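Asks: My structure is in run_23.cif, and what it holds is mmCIF, C-alpha atoms and all ligand atoms:
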data_start
loop_
_atom_site.label_atom_id
_atom_site.label_comp_id
_atom_site.auth_asym_id
_atom_site.auth_seq_id
_atom_site.Cartn_x
_atom_site.Cartn_y
_atom_site.Cartn_z
CA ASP A 106 7.33 19.56 69.99
CA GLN A 107 8.51 20.83 73.39
CA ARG A 108 10.48 18.13 75.15
CA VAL A 109 9.06 17.78 78.65
CA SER A 110 10.49 16.03 81.69
CA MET A 111 9.02 13.00 83.43
CA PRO A 112 6.79 12.19 85.36
CA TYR A 113 4.04 14.20 83.76
CA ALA A 114 0.33 14.29 84.43
CA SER A 115 -1.34 16.91 82.24
CA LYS A 116 -4.85 16.56 80.84
CA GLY A 117 -5.72 13.49 82.88
CA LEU A 118 -2.88 11.38 81.46
CA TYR A 119 -0.36 10.28 84.06
CA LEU A 120 2.99 9.59 82.41
CA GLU A 121 4.86 7.50 84.94
CA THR A 122 7.40 4.70 85.30
CA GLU A 123 6.54 1.33 86.83
CA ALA A 124 9.00 -1.46 87.69
CA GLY A 125 11.69 0.41 85.80
CA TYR A 126 9.43 0.49 82.73
CA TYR A 127 7.56 3.45 81.32
CA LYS A 128 3.79 3.73 81.56
CA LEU A 129 1.10 5.98 80.15
CA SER A 130 -2.24 5.65 81.91
CA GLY A 131 -5.51 6.98 80.53
CA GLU A 132 -7.92 5.51 83.04
CA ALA A 133 -10.35 8.38 82.52
CA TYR A 134 -10.29 7.42 78.85
CA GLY A 135 -10.05 3.73 79.64
CA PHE A 136 -6.61 2.61 78.56
CA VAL A 137 -3.14 1.91 79.87
CA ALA A 138 -0.08 1.97 77.63
CA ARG A 139 3.50 1.18 78.52
CA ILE A 140 6.91 0.27 77.15
CA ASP A 141 9.68 -1.94 78.44
CA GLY A 142 13.43 -1.40 78.23
CA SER A 143 13.82 -3.40 75.03
CA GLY A 144 10.86 -1.62 73.43
CA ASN A 145 7.62 -3.57 73.31
CA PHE A 146 4.41 -1.60 73.02
CA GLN A 147 1.54 -2.89 75.12
CA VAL A 148 -2.01 -1.59 75.41
CA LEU A 149 -4.42 -2.62 78.13
CA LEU A 150 -7.83 -1.39 77.08
CA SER A 151 -11.21 -1.36 78.80
CA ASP A 152 -14.13 -3.57 77.80
CA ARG A 153 -16.16 -0.38 77.18
CA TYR A 154 -14.93 -0.55 73.56
CA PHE A 155 -15.95 -4.20 73.17
CA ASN A 156 -16.68 -4.45 69.40
CA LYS A 157 -16.23 -0.63 69.13
CA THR A 158 -12.58 -0.12 68.20
CA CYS A 159 -10.81 -0.92 64.98
CA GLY A 160 -7.17 -0.29 64.19
CA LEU A 161 -3.91 -2.18 63.98
CA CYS A 162 -4.63 -4.24 67.13
CA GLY A 163 -7.92 -5.48 65.70
CA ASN A 164 -11.37 -5.23 67.21
CA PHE A 165 -12.09 -6.09 70.84
CA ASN A 166 -14.61 -8.78 70.12
CA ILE A 167 -14.45 -12.44 71.06
CA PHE A 168 -13.43 -13.68 67.63
CA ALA A 169 -9.78 -13.85 66.62
CA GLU A 170 -10.26 -14.51 62.88
CA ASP A 171 -12.34 -11.53 61.80
CA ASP A 172 -10.18 -8.81 63.30
CA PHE A 173 -8.84 -7.51 59.99
CA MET A 174 -11.65 -5.07 59.12
CA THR A 175 -9.95 -2.35 57.11
CA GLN A 176 -10.39 1.39 57.51
CA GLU A 177 -13.27 1.01 55.07
CA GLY A 178 -14.30 -2.25 56.73
CA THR A 179 -13.30 -5.26 54.68
CA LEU A 180 -12.34 -8.69 55.94
CA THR A 181 -8.92 -9.04 54.30
CA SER A 182 -7.08 -12.34 54.46
CA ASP A 183 -3.70 -10.59 54.29
CA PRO A 184 -2.12 -9.44 57.60
CA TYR A 185 0.01 -7.00 55.59
CA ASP A 186 -2.05 -4.72 53.34
CA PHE A 187 -4.43 -4.45 56.28
CA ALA B 682 11.58 -10.94 17.19
CA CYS B 683 14.86 -9.14 17.93
CA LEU B 684 13.86 -5.83 16.39
CA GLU B 685 15.80 -2.70 15.42
CA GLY B 686 15.04 0.80 16.63
CA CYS B 687 15.23 3.39 19.39
CA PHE B 688 15.24 1.80 22.83
CA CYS B 689 16.64 3.07 26.12
CA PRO B 690 18.62 1.10 28.70
CA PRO B 691 16.93 -1.73 30.61
CA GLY B 692 16.68 0.27 33.82
CA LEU B 693 14.39 2.64 31.92
CA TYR B 694 10.91 1.84 30.61
CA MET B 695 9.05 3.86 28.06
CA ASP B 696 6.68 6.59 29.25
CA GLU B 697 3.92 8.07 27.14
CA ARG B 698 5.61 11.48 26.86
CA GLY B 699 8.57 10.44 24.72
CA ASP B 700 10.82 10.04 27.71
CA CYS B 701 11.44 6.64 29.21
CA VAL B 702 11.53 6.27 32.98
CA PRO B 703 12.42 3.75 35.67
CA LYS B 704 9.57 1.59 36.81
CA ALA B 705 9.01 3.61 39.99
CA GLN B 706 6.80 6.30 38.44
CA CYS B 707 5.76 4.02 35.58
CA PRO B 708 1.94 4.35 35.70
CA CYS B 709 -0.65 1.59 35.66
CA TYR B 710 -3.15 0.96 32.83
CA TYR B 711 -5.81 -1.00 34.67
CA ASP B 712 -8.94 -1.19 32.55
CA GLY B 713 -6.82 1.08 30.36
CA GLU B 714 -7.06 3.73 33.05
CA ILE B 715 -3.80 5.61 33.44
CA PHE B 716 -3.29 5.53 37.19
CA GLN B 717 -0.56 7.65 38.63
CA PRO B 718 2.20 5.67 40.37
CA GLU B 719 0.49 5.98 43.80
CA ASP B 720 -3.29 5.63 43.55
CA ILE B 721 -5.33 4.05 46.35
CA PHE B 722 -8.50 3.02 44.86
CA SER B 723 -11.46 0.82 45.72
CA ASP B 724 -15.18 0.12 45.78
CA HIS B 725 -16.81 -1.19 48.95
CA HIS B 726 -16.04 -4.67 47.75
CA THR B 727 -12.81 -4.53 45.76
CA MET B 728 -9.57 -2.97 46.93
CA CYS B 729 -6.97 -1.84 44.44
CA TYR B 730 -3.82 0.23 44.09
CA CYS B 731 -1.09 1.07 41.59
CA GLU B 732 2.35 0.27 42.97
CA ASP B 733 4.99 0.44 40.26
CA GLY B 734 3.31 -0.06 36.89
CA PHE B 735 1.27 -3.01 38.09
CA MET B 736 -2.20 -2.58 39.54
CA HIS B 737 -2.68 -4.68 42.69
CA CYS B 738 -6.39 -5.42 43.08
CA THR B 739 -7.99 -7.58 45.76
CA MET B 740 -11.50 -8.24 47.08
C1 LIG C 801 -20.39 -5.59 66.47
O1 LIG C 801 -21.21 -4.46 66.17
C2 LIG C 801 -21.82 -4.54 64.89
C3 LIG C 801 -22.61 -3.26 64.64
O2 LIG C 801 -21.71 -2.15 64.60
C4 LIG C 801 -22.71 -5.77 64.81
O3 LIG C 801 -23.31 -5.84 63.51
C5 LIG C 801 -21.89 -7.02 65.09
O4 LIG C 801 -22.70 -8.19 65.10
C6 LIG C 801 -21.23 -6.86 66.45
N1 LIG C 801 -20.40 -8.01 66.74
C7 LIG C 801 -20.09 -8.35 67.99
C8 LIG C 801 -18.85 -9.17 68.15
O5 LIG C 801 -20.77 -8.01 68.94
CA CA C 802 -10.81 -9.80 67.24
#
Turn this file's structure into structure tokens for me.
Ligand SMILES: *[C@@H]1O[C@H](CO)[C@@H](O)[C@H](O)[C@H]1NC(C)=O
Ligand SMILES: [Ca+2]
Replies:
Amino acid sequence: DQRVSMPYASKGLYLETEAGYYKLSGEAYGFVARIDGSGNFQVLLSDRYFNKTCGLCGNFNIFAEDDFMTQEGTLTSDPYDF
Amino acid sequence: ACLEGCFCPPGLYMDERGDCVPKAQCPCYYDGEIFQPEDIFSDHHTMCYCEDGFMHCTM
């Protein structure tokens, strides 16, 4: 809850700005997040989690049709209830 | 038909406890089962919830 300043680098997470746009790097944990001025979340994620992860950005597999596997794990046709 | 009796205004729907309520907390009776207005609910294979009085199942 304590508002901190920026940049900020605690716990192996470097919270920096790049090209006038804000970045959060977690290279130790294998990800890079950022935001632009307009507000557009982006997540670059390492192939280590290939067919490991599952969330709102789908699984990191090759297929692009099966990546709605719910928190239980259910291929749901709907992009909404998922 | 167009019957005669004790109703309550159309914004309100009849609850089991003698009060009538808006459809927000109006429970669901899926399989008869009286689901509370917010009940997330599912086998491995089905997936079901009670929204507003209707029970939204899927598979
Ligand atoms: C992903 O891993 C599961 C086991 O957790 C396996 O059954 C499935 O075939 C794998 N799929 C890919 C894309 O490698
Ligand atoms: Ca996918």
Asks: Quick check, in Å to one decimal: how far apart do CA of residue 111 in chain A and CA of residue 148 in chain A lie?
Replies: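 Pair CA of residue 111 in chain A / CA of residue 148 in chain A returns 20.0 Å.
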Asks: Give me, as an MDAnalysis selection string, all polymer residues having an atom no more than 10 Å from range 123-137 of chain A, counting all atoms listed in the file and skipping those fewer than 6 positions away in the same chain.
Replies: chainID A and resid 111:114 116:117 143:144 147:154
Asks: If the cut-off is 10 Å, can you tell me the residues of chain B near chain A, counting all atoms listed in the file? I'd like them as a ChimeraX atom specification.
Replies: /B:723-728,739-740
Asks: Within 10 Å of residue 163 in chain A, counting all atoms listed in the file, which residues qualify if same-chain residues fewer than 4 places away don't, as a ChimeraX atom specification?
Replies: /A:156,158-159,169-175
Asks: What would the file look like if the residues just selected were written as an mmCIF file, in the frame of the given file with C-alpha atoms?
Replies:
data_model
loop_
_atom_site.group_PDB
_atom_site.id
_atom_site.type_symbol
_atom_site.label_atom_id
_atom_site.label_comp_id
_atom_site.auth_asym_id
_atom_site.auth_seq_id
_atom_site.Cartn_x
_atom_site.Cartn_y
_atom_site.Cartn_z
ATOM 1 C CA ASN A 156 -16.680 -4.450 69.400
ATOM 2 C CA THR A 158 -12.580 -0.120 68.200
ATOM 3 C CA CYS A 159 -10.810 -0.920 64.980
ATOM 4 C CA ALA A 169 -9.780 -13.850 66.620
ATOM 5 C CA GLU A 170 -10.260 -14.510 62.880
ATOM 6 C CA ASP A 171 -12.340 -11.530 61.800
ATOM 7 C CA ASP A 172 -10.180 -8.810 63.300
ATOM 8 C CA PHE A 173 -8.840 -7.510 59.990
ATOM 9 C CA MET A 174 -11.650 -5.070 59.120
ATOM 10 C CA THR A 175 -9.950 -2.350 57.110
#
Asks: Which value, in Å to one decimal, gives the distance between atom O3 of ligand LIG 801 (chain C) and CA of residue 722 in chain B?
Replies: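 A separation of 25.4 Å between them.
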Asks: So which one's closest to ligand LIG 801 (chain C), A:176, A:115, A:166, A:110? Using only C-alpha atoms and all ligand atoms, please.
Replies: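 Smallest distance to ligand LIG 801 (chain C) is found for A:166.
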Asks: In Å, how far is it from CA of residue 711 in chain B to CA of residue 690 in chain B?
Replies: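 Pair CA of residue 711 in chain B / CA of residue 690 in chain B returns 25.2 Å.
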Asks: Please provide the set of residues having any atom within 12 Å of residue 695 in chain B, restricted to all atoms listed in the file, with same-chain residues fewer than 6 positions apart removed, written as a list in words.
Replies: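 Contacts, in chain order: residues 687, 688, 689, 701, 702, 703, 704, 705, 706, 707, 708 and 734 of chain B.
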Asks: Keeping only C-alpha atoms, write the selected residues as a CSV table (one decimal), keeping the file's coordinate frame.
Replies:
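Written out: out20.csv:
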chain,number,residue,atom,x,y,z
B,687,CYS,CA,15.2,3.4,19.4
B,688,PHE,CA,15.2,1.8,22.8
B,689,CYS,CA,16.6,3.1,26.1
B,701,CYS,CA,11.4,6.6,29.2
B,702,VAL,CA,11.5,6.3,33.0
B,703,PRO,CA,12.4,3.8,35.7
B,704,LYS,CA,9.6,1.6,36.8
B,705,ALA,CA,9.0,3.6,40.0
B,706,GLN,CA,6.8,6.3,38.4
B,707,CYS,CA,5.8,4.0,35.6
B,708,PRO,CA,1.9,4.4,35.7
B,734,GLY,CA,3.3,-0.1,36.9
Asks: Would you list the residues that come within 9 Å of ligand LIG 801 (chain C)? Count only C-alpha atoms and all ligand atoms and give the answer as a PyMOL selection string.
Replies: chain A and resi 155-157+164-168
Asks: Which residue, A:187, A:122, A:162, A:146, has the smallest gap to ligand CA 802 (chain C) when you use all atoms listed in the file?
Replies: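 Between A:187, A:122, A:162, A:146, the residue approaching ligand CA 802 (chain C) most closely is A:162.
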Asks: Residues within 6 Å of residue 736 in chain B, please, as an mmCIF file with C-alpha atoms, in the coordinates of the input. Count only C-alpha atoms; anything in the same chain fewer than 2 positions from it doesn't count.
Replies:
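The resulting file, result-v8.cif, is reproduced below:
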data_model
loop_
_atom_site.group_PDB
_atom_site.id
_atom_site.type_symbol
_atom_site.label_atom_id
_atom_site.label_comp_id
_atom_site.auth_asym_id
_atom_site.auth_seq_id
_atom_site.Cartn_x
_atom_site.Cartn_y
_atom_site.Cartn_z
ATOM 1 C CA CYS B 709 -0.650 1.590 35.660
ATOM 2 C CA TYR B 730 -3.820 0.230 44.090
ATOM 3 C CA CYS B 731 -1.090 1.070 41.590
#
